[PDB]
Every structure is written in C-alpha cells, then in structure tokens.
Amino acid sequence: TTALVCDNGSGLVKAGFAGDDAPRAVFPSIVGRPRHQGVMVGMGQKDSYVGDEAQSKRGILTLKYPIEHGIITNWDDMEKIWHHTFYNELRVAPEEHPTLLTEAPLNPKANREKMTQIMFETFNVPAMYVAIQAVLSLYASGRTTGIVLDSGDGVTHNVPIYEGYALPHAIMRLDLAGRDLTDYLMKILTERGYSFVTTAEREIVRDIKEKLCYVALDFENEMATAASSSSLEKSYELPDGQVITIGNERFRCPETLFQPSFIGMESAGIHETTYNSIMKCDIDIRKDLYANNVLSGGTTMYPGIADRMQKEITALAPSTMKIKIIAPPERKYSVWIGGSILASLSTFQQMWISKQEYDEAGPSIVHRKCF
Amino acid sequence: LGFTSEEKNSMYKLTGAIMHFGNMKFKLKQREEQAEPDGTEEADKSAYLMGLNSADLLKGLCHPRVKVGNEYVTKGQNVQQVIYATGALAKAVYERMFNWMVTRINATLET
Amino acid sequence: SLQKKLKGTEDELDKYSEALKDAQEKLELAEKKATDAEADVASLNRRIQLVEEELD
Ligand SMILES: Nc1ncnc2c1ncn2[C@@H]1O[C@H](COP(=O)(O)OP(=O)(O)O)[C@@H](O)[C@H]1O
C-alpha cells in the first residue's frame, strides 16, 4: 500500500503520495462563504467553497484561513479542507491509506491530539503520524546535520540538528511570516493612495508581494537609491486594470524579517535568531552548523535573501569560519519532499500509529516516542 | 533482416552516443552547490548525434523541471546527482533500443 | 541581441572564479606557513631564554 503526505502548512495545502518527486495538489488553505444575498432562483449555489474554487469566486465570498500560526482555530473549516483534499484533488479513499501529517515545533498539544482524533474517527485512516517540518526539510536537503530555518506562512522556526540528533533546548520559534509581511505591505501601500481592505484584496496584495518584492543587500543604500533614482520602481496590473506603481516598498516589505520592529514586534531578525540558536548549541558542533545553514519554506523565496542572510551571519560569527547558506530552487516544497522520502523509508513502517494502538490508548498516544 | 540500412546506421550511432555520454565533465559552481559543465565538446557532439540541441541538453541535465500541482519549478542538482542521472539515461536508452530491436526481430519472424 | 552580453558576463565570471580560487589557495598556504614558522620561533625563543638562565 501507499501512504499519503499532507503538508498542511498555514496558507497552502500540499498533498500527494509517498514516493513522488513533488505534490500533485497545491491549493490555498482557504474556505469562502458568500456574503451577498443571491437572487437567481435555480442557481442552486453551494454554501461554502474550499481551496482553489474560492479564489475564483473571491469577489463574492469572505475568505477565512482555518490556521492562524501553525495552530488550527476552526476545526470545522479544517475538516472541510481535508475532505476536499482527499476526495476532490487526490480522489482517494482515506480508509486505505496511511497519512503523514506535518506540524511546527512548539505548538499546543491539543492541536496534535485533535488532529489525530479527526484522522481516525472522521476519515478513518488505518495509520497516521505527525512529523516536524524542519526534520523533513533536512531529509529533502540531503544533509544529516545543519540548522534549518523553515519560514512558512504562519510561523518561522530554527531547528538545529547534528548527526540526526535534534537539540530541543535550542529550537527557536518566531510568529513572523508571510501573512505578517502581507499585512505590512497592505499597510504601507497606502502611502501612495492604493487601498486594499477587503479579505479578497489581501490575495491581490499577496500576489504583488510574490511577484515584485525582494530583499535588499544593504537597506540604507537601497533607501538612498530609491530616494534619488527611479530605476527600481516597477508596475503591476490589478484584476480591474488601473496599474499601480511600487517604489521603495519593494524591499521594505521583506525587510521586516530582519527588522521585526517595523511591525512593532520586540524580537530579533531571522539572521539573529539563527545565530542565537547556534550559540545556544554546543561548542564543538557550531562549525558544522555554520557550514550547513538550510533554508526552506515559501517566505525564503525572495530574491537576495540568501545573500543577505549570509552577509548578516558572517558579520555576526567569528571571522575564521566558512558560513554557507543552502537555498535550493525547490525550497517551497522541501517539507513535502522530505515527508515523501520519510514515509517511503522501509524503516519507517514501524513508526506509524496504527488504529488499534489508538483505540486502546486514546489520542494521548501521539506524544509518545512517536513525537 | 527486415529493417533498412538507415536503421542499422541509427543503431550504430545511438550506441556511439551512449559511448559519448561517459566523458562528460561537471563542476560545482562558484559559491553554490549547483553543477555546471566545464567541457562542452563531447556535449555538442553527442547532441549532434542524438538529434537534440547541446545547450538544451546541458540545461536539461543541470536544471530539471518538476511538476508541483499546476506549475513547474526547477530542481537543483550537484555533480553526483547529475552523474547518476546520466548513467540512468544511458542504461535506459540502451535497454529501450534493445527491447525495440527484439520487437523488430519478432515482426520479421511473424507469420 | 543581448545574448552576447550574457555570454561575455559568463566568461568574465568564470575568470573571476578561477582567480578567487587561486587566491584562496595561496592565502591558506602562506597562512599555514606563517603559523608554523611562528610556532617554531616561539618554541626556540623560550628555549633560548632557558639556556640563558642556564648560562647565568
Ligand atoms: N516567490 C515568493 N516570494 C515571496 N514570498 C512568497 C513567494 N512564494 C510564496 N511566498 C509566500 O509564502 C507563503 C506560503 O508559504 P508556504 O511554504 O506555502 O507555507 P505554508 O505551506 O505553511 O503556507 C505565502 O504567504 C506567500 O506570501
């Protein structure tokens, strides 16, 4: 039999089969409901659209995300998401397939327990397993040591691993990610008159971010370059027409990752939490960690982010070590790729949580050595 | 046997292309983990034999594209990975030509 | 028409990468040599002070 690999993430569902090179179903993790009245009798319209259909009916729906920061907040919505993923995108019967789920470090425990309970009671899968996103990223990267920085859409986290041993006291988790970058871009785009307030203009702003934003290698020099020239100013065409022109806020948006004070957060940038995780690890694995700094997740896809991260970590660490940043082109799907590798490993077929184990030990069996 | 002289010619040249695959040379990039070709001459001649473009085959070996849902994203490769891919390609094309030759033989024999 | 520009940039890039590699090689070489020479001179200098107090 084959196992499914559902990388829920927070803002993009990625599912597929264990043993493939890529997911076969990538769609947004949104659930939309109509907000207007509806006049044409016989239209027979539905009450809630899931996934990629909601993005077509944006102008009529209110789009809600069922996952805020890794954490699931709307369990009925999330159950709809899973039902859509199993039956409409993949077209499989979940009572014949083990399912490997992913989760971020340092989430509530009820999240994981309720996820297991759903997967066994509602969808009736034979086995299931919840994996950490950073470990799976390291599987897909081909390493066995290295400090991984998995910046998704809800959370950002560093997880240092050495020789296959993870150092839990050095795990860092930050709640700044692509969703906060989108909100900051919505906010600073009002300096030029453009206003995006609806829950469906957030998708337009996310598209603008993905297509035009980039990380500056030096922030003050790019500030001055934008103040003087106009060579970095680019245009974008809305779904309506009426092109908008983006100036220096092409690189002020992702700079929030290195200066979280822009959105009023207290914490330090990703370049500094990475270094603090290093310095919290031992002394005789720090050289390997410096040399194996692995990036994954969608928020690491900006142009120039690897070069910026290297410049910063190099200015932080001692001057005698080679600091190297691994940033594959298929970063966004690294967690899923690693999940497929892991679930196909023949050694892993004894780590599943079978259904009988659950029936006899309750949902608490998730936090056991299968953690 | 039933098959023409052009077909024997193509068989021989295909085997020579398989032979030309082995001498390809790849190096890591400047400050990255990506494979890039340094020697291009055997690449050019193997492409001229195979009926493909040399730059296009080199790009297809260094930067595969995979399907993620409804989009294509480029996958990264290092020297070991591209070498394993080259070997698997050669084994595949050889075994394919072999099976098809057996099909041709059986078609000749067929009553 | 810009493809010639692209190719020329690739060529100068390759040249600069080879240059950087050679400079790193010479750097690490000379640095090993300087460290080893300093080790030797410090050792033998301490030995000189020891034979000096010996003479005293
Ligand atoms: N090319 C890109 N540049 C900048 N941000 C991107 C790019 N592609 C995707 N993103 C951001 O990544 C986020 C999705 O990341 P993802 O890896 O899907 O995490 P998750 O699966 O947890 O949602 C989106 O919010 C989007 O804004």
# chains A, B, ... in the order shown; residues from 1 in each chain; ligands from 1

$ residues_near_ligand --ligand "ligand 1" --cutoff "6 Å" --atoms "only C-alpha atoms and all ligand atoms" --output "VMD selection string"
chain A and resid 9 to 12 152 to 154 178 to 179 206 210 297 to 299 301 to 302 332

$ interface_residues --of "chain B" --to "chain A" --cutoff "12 Å" --atoms "only C-alpha atoms" --output "MDAnalysis selection string"
chainID B and resid 31:34 63:78 80:81

$ write_last_selection --atoms "C-alpha atoms" --output "CSV table (one decimal), in the first residue's frame"
chain,number,residue,atom,x,y,z
B,31,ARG,CA,29.8,29.8,-4.3
B,32,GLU,CA,26.9,27.4,-4.5
B,33,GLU,CA,26.1,23.7,-4.7
B,34,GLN,CA,24.9,23.6,-8.3
B,63,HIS,CA,18.3,22.0,-14.1
B,64,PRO,CA,15.4,19.5,-14.3
B,65,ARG,CA,11.9,20.9,-14.1
B,66,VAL,CA,9.3,19.0,-12.0
B,67,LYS,CA,5.5,19.5,-11.8
B,68,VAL,CA,4.1,20.8,-8.5
B,69,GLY,CA,0.3,20.8,-8.9
B,70,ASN,CA,-0.3,23.1,-11.8
B,71,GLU,CA,3.1,24.7,-12.1
B,72,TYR,CA,6.7,23.7,-12.9
B,73,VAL,CA,9.6,24.6,-10.6
B,74,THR,CA,13.2,23.9,-11.3
B,75,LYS,CA,15.1,21.3,-9.3
B,76,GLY,CA,18.7,21.7,-8.2
B,77,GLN,CA,21.4,19.1,-8.9
B,78,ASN,CA,25.0,18.6,-7.8
B,80,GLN,CA,26.8,13.2,-8.0
B,81,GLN,CA,23.2,13.6,-8.9

$ residues_around --residues "residue B:22" --least-positions-apart "6" --cutoff "12 Å" --atoms "only C-alpha atoms" --output "list in words"
residues 15, 16, 42, 43, 46, 82, 83, 84, 85, 86, 87, 88, 89, 90 and 91 of chain B

$ write_last_selection --atoms "N, CA and C atoms" --output "PDB file, in the first residue's frame"
ATOM      1  N   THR B  15      24.426   3.802 -30.268  1.00  0.00           N
ATOM      2  CA  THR B  15      25.411   3.178 -29.394  1.00  0.00           C
ATOM      3  C   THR B  15      26.625   4.077 -29.209  1.00  0.00           C
ATOM      4  N   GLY B  16      27.057   4.746 -30.278  1.00  0.00           N
ATOM      5  CA  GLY B  16      28.144   5.701 -30.143  1.00  0.00           C
ATOM      6  C   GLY B  16      27.801   6.880 -29.251  1.00  0.00           C
ATOM      7  N   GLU B  42      32.243  17.204 -26.111  1.00  0.00           N
ATOM      8  CA  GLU B  42      31.518  15.942 -26.161  1.00  0.00           C
ATOM      9  C   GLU B  42      30.021  16.154 -26.012  1.00  0.00           C
ATOM     10  N   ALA B  43      29.611  17.177 -25.261  1.00  0.00           N
ATOM     11  CA  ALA B  43      28.195  17.518 -25.192  1.00  0.00           C
ATOM     12  C   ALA B  43      27.667  17.909 -26.565  1.00  0.00           C
ATOM     13  N   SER B  46      27.617  14.770 -28.877  1.00  0.00           N
ATOM     14  CA  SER B  46      26.570  13.832 -28.509  1.00  0.00           C
ATOM     15  C   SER B  46      25.200  14.381 -28.869  1.00  0.00           C
ATOM     16  N   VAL B  82      23.835  14.587 -11.018  1.00  0.00           N
ATOM     17  CA  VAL B  82      23.799  14.647 -12.472  1.00  0.00           C
ATOM     18  C   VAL B  82      24.506  13.441 -13.075  1.00  0.00           C
ATOM     19  N   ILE B  83      25.531  12.914 -12.403  1.00  0.00           N
ATOM     20  CA  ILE B  83      26.211  11.729 -12.914  1.00  0.00           C
ATOM     21  C   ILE B  83      25.311  10.505 -12.821  1.00  0.00           C
ATOM     22  N   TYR B  84      24.616  10.340 -11.694  1.00  0.00           N
ATOM     23  CA  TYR B  84      23.664   9.239 -11.586  1.00  0.00           C
ATOM     24  C   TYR B  84      22.579   9.354 -12.644  1.00  0.00           C
ATOM     25  N   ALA B  85      22.126  10.577 -12.918  1.00  0.00           N
ATOM     26  CA  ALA B  85      21.107  10.760 -13.942  1.00  0.00           C
ATOM     27  C   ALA B  85      21.635  10.386 -15.316  1.00  0.00           C
ATOM     28  N   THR B  86      22.876  10.770 -15.623  1.00  0.00           N
ATOM     29  CA  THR B  86      23.463  10.422 -16.913  1.00  0.00           C
ATOM     30  C   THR B  86      23.564   8.911 -17.077  1.00  0.00           C
ATOM     31  N   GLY B  87      24.048   8.229 -16.041  1.00  0.00           N
ATOM     32  CA  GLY B  87      24.141   6.783 -16.103  1.00  0.00           C
ATOM     33  C   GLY B  87      22.791   6.123 -16.295  1.00  0.00           C
ATOM     34  N   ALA B  88      21.776   6.603 -15.578  1.00  0.00           N
ATOM     35  CA  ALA B  88      20.451   6.014 -15.716  1.00  0.00           C
ATOM     36  C   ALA B  88      19.873   6.284 -17.096  1.00  0.00           C
ATOM     37  N   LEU B  89      20.147   7.461 -17.656  1.00  0.00           N
ATOM     38  CA  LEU B  89      19.689   7.765 -19.007  1.00  0.00           C
ATOM     39  C   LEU B  89      20.316   6.819 -20.020  1.00  0.00           C
ATOM     40  N   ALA B  90      21.626   6.603 -19.915  1.00  0.00           N
ATOM     41  CA  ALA B  90      22.303   5.695 -20.836  1.00  0.00           C
ATOM     42  C   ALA B  90      21.756   4.280 -20.714  1.00  0.00           C
ATOM     43  N   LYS B  91      21.656   3.766 -19.486  1.00  0.00           N
ATOM     44  CA  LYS B  91      21.099   2.429 -19.311  1.00  0.00           C
ATOM     45  C   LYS B  91      19.699   2.344 -19.897  1.00  0.00           C
TER      46      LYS B  91
END

$ select_by_dssp --residues "stretch 115-236 of chain A" --states "alpha helix (DSSP H)" --output "ChimeraX atom specification"
/A:115-121,133-141,178-188,201-212,219-228

$ write_last_selection --atoms "N, CA and C atoms" --output "short mmCIF file (atom, residue, chain, number, x, y, z; two decimals), in the first residue's frame"
data_model
loop_
_atom_site.label_atom_id
_atom_site.label_comp_id
_atom_site.auth_asym_id
_atom_site.auth_seq_id
_atom_site.Cartn_x
_atom_site.Cartn_y
_atom_site.Cartn_z
N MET A 115 -6.04 16.67 15.91
CA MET A 115 -5.74 16.25 14.55
C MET A 115 -5.78 14.74 14.42
N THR A 116 -5.12 14.04 15.35
CA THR A 116 -5.15 12.58 15.35
C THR A 116 -6.56 12.05 15.51
N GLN A 117 -7.31 12.61 16.45
CA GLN A 117 -8.67 12.16 16.67
C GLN A 117 -9.52 12.31 15.41
N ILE A 118 -9.37 13.43 14.70
CA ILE A 118 -10.11 13.62 13.46
C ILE A 118 -9.71 12.57 12.44
N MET A 119 -8.41 12.37 12.26
CA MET A 119 -7.95 11.47 11.21
C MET A 119 -8.36 10.03 11.47
N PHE A 120 -8.58 9.67 12.73
CA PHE A 120 -9.01 8.30 12.99
C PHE A 120 -10.52 8.13 13.06
N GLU A 121 -11.24 9.10 13.61
CA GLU A 121 -12.68 8.95 13.74
C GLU A 121 -13.43 9.38 12.48
N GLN A 133 8.30 19.84 10.71
CA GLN A 133 8.56 20.32 9.37
C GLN A 133 10.05 20.46 9.09
N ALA A 134 10.83 20.88 10.09
CA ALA A 134 12.24 21.12 9.86
C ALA A 134 13.01 19.82 9.64
N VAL A 135 12.65 18.77 10.37
CA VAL A 135 13.30 17.48 10.16
C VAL A 135 13.08 16.99 8.74
N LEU A 136 11.85 17.11 8.25
CA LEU A 136 11.55 16.66 6.90
C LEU A 136 12.27 17.52 5.88
N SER A 137 12.40 18.81 6.16
CA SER A 137 13.19 19.66 5.28
C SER A 137 14.62 19.17 5.19
N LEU A 138 15.18 18.73 6.31
CA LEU A 138 16.56 18.24 6.29
C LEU A 138 16.68 16.92 5.56
N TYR A 139 15.69 16.04 5.68
CA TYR A 139 15.64 14.86 4.81
C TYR A 139 15.72 15.24 3.35
N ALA A 140 14.86 16.15 2.91
CA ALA A 140 14.84 16.51 1.49
C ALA A 140 16.11 17.21 1.06
N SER A 141 16.80 17.89 1.97
CA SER A 141 18.02 18.60 1.57
C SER A 141 19.21 17.69 1.37
N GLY A 178 4.91 35.12 6.24
CA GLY A 178 4.37 35.73 5.05
C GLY A 178 3.06 36.46 5.27
N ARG A 179 2.24 35.98 6.19
CA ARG A 179 0.98 36.66 6.46
C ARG A 179 1.22 38.04 7.06
N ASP A 180 2.17 38.14 7.98
CA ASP A 180 2.51 39.44 8.54
C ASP A 180 3.18 40.33 7.51
N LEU A 181 3.96 39.76 6.60
CA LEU A 181 4.52 40.58 5.53
C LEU A 181 3.43 41.11 4.62
N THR A 182 2.41 40.30 4.33
CA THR A 182 1.29 40.77 3.52
C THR A 182 0.56 41.90 4.22
N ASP A 183 0.34 41.78 5.52
CA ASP A 183 -0.36 42.85 6.23
C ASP A 183 0.47 44.12 6.25
N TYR A 184 1.78 44.00 6.42
CA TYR A 184 2.62 45.18 6.39
C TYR A 184 2.62 45.83 5.02
N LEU A 185 2.57 45.03 3.96
CA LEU A 185 2.54 45.62 2.63
C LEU A 185 1.21 46.30 2.37
N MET A 186 0.10 45.67 2.77
CA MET A 186 -1.19 46.35 2.69
C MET A 186 -1.13 47.69 3.40
N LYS A 187 -0.48 47.74 4.55
CA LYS A 187 -0.44 48.98 5.31
C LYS A 187 0.43 50.04 4.64
N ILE A 188 1.62 49.68 4.18
CA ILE A 188 2.49 50.71 3.61
C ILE A 188 2.17 51.04 2.17
N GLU A 201 -8.93 41.41 -1.28
CA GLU A 201 -7.80 42.19 -1.77
C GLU A 201 -6.51 41.79 -1.09
N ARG A 202 -6.57 41.05 0.01
CA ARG A 202 -5.36 40.50 0.58
C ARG A 202 -4.70 39.52 -0.37
N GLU A 203 -5.49 38.81 -1.17
CA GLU A 203 -4.90 37.90 -2.15
C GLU A 203 -4.20 38.66 -3.26
N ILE A 204 -4.76 39.79 -3.67
CA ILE A 204 -4.08 40.62 -4.66
C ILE A 204 -2.77 41.15 -4.09
N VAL A 205 -2.78 41.57 -2.83
CA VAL A 205 -1.55 42.07 -2.23
C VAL A 205 -0.52 40.96 -2.08
N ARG A 206 -0.97 39.74 -1.79
CA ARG A 206 -0.04 38.63 -1.71
C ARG A 206 0.60 38.36 -3.07
N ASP A 207 -0.18 38.48 -4.13
CA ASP A 207 0.38 38.32 -5.47
C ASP A 207 1.40 39.40 -5.77
N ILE A 208 1.09 40.65 -5.43
CA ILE A 208 2.05 41.73 -5.62
C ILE A 208 3.34 41.42 -4.89
N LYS A 209 3.23 40.97 -3.64
CA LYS A 209 4.41 40.66 -2.85
C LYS A 209 5.26 39.61 -3.53
N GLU A 210 4.64 38.48 -3.88
CA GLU A 210 5.37 37.40 -4.52
C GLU A 210 6.06 37.85 -5.80
N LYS A 211 5.41 38.69 -6.59
CA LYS A 211 5.96 38.99 -7.90
C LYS A 211 6.94 40.15 -7.91
N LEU A 212 6.88 41.06 -6.94
CA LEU A 212 7.70 42.25 -7.02
C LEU A 212 8.67 42.45 -5.87
N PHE A 219 20.29 48.07 3.36
CA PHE A 219 19.00 48.74 3.44
C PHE A 219 19.11 50.25 3.28
N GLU A 220 20.12 50.87 3.89
CA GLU A 220 20.26 52.31 3.77
C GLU A 220 20.66 52.71 2.36
N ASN A 221 21.50 51.90 1.71
CA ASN A 221 21.91 52.24 0.36
C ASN A 221 20.75 52.11 -0.61
N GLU A 222 19.90 51.10 -0.43
CA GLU A 222 18.72 50.99 -1.27
C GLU A 222 17.71 52.08 -0.96
N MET A 223 17.61 52.49 0.31
CA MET A 223 16.76 53.63 0.63
C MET A 223 17.20 54.87 -0.13
N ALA A 224 18.50 55.15 -0.11
CA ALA A 224 19.02 56.31 -0.83
C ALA A 224 18.85 56.16 -2.34
N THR A 225 19.08 54.95 -2.86
CA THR A 225 18.92 54.73 -4.29
C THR A 225 17.49 54.98 -4.73
N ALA A 226 16.52 54.56 -3.92
CA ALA A 226 15.13 54.81 -4.28
C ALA A 226 14.77 56.27 -4.11
N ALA A 227 15.35 56.94 -3.11
CA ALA A 227 15.09 58.36 -2.94
C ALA A 227 15.62 59.18 -4.10
N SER A 228 16.73 58.76 -4.70
CA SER A 228 17.31 59.54 -5.78
C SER A 228 16.79 59.12 -7.15
#

$ interface_residues --of "chain B" --to "chain C" --cutoff "12 Å" --atoms "only C-alpha atoms" --output "list in words"
residues 27, 28, 29, 30, 31, 32, 36, 37 and 38 of chain B

$ residues_around --residues "residue A:364" --least-positions-apart "2" --cutoff "10 Å" --atoms "only C-alpha atoms" --output "NGL selection string"
:A and (109-110 or 112-114 or 116-117 or 358 or 361-362 or 366-368)

$ write_last_selection --atoms "C-alpha atoms" --output "JSON list (two decimals), in the first residue's frame"
[["chain", "number", "residue", "atom", "x", "y", "z"],
["A", 109, "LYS", "CA", -0.64, 19.66, 22.36],
["A", 110, "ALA", "CA", -4.39, 19.74, 21.80],
["A", 112, "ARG", "CA", -1.89, 17.45, 17.56],
["A", 113, "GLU", "CA", -4.28, 15.37, 19.65],
["A", 114, "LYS", "CA", -7.40, 16.70, 17.94],
["A", 116, "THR", "CA", -5.15, 12.58, 15.35],
["A", 117, "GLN", "CA", -8.67, 12.16, 16.67],
["A", 358, "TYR", "CA", -5.18, 4.45, 19.16],
["A", 361, "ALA", "CA", -4.66, 4.16, 24.31],
["A", 362, "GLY", "CA", -6.73, 7.21, 23.33],
["A", 366, "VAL", "CA", 0.54, 10.85, 19.83],
["A", 367, "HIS", "CA", 3.01, 12.40, 22.28],
["A", 368, "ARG", "CA", 4.83, 9.11, 22.92]]

$ atom_distance --atom1 "atom CA of residue B:98" --atom2 "atom CA of residue B:52"
21.2 Å

$ closest_residue --among "A:5, A:320, A:276, A:176" --to "chain C" --atoms "only C-alpha atoms"
A:320

$ atom_distance --atom1 "atom CA of residue A:240" --atom2 "atom CA of residue A:55"
15.5 Å

$ atom_distance --atom1 "atom CA of residue A:269" --atom2 "atom CA of residue A:229"
28.4 Å

$ select_by_dssp --residues "chain B" --states "strand (DSSP E or B)" --output "PyMOL selection string"
chain B and resi 26-28+35-37+65-68+71-74

$ residues_around --residues "residue A:314" --least-positions-apart "2" --cutoff "12 Å" --atoms "only C-alpha atoms" --output "ChimeraX atom specification"
/A:271-272,274-275,290-291,293,306-312,316-325
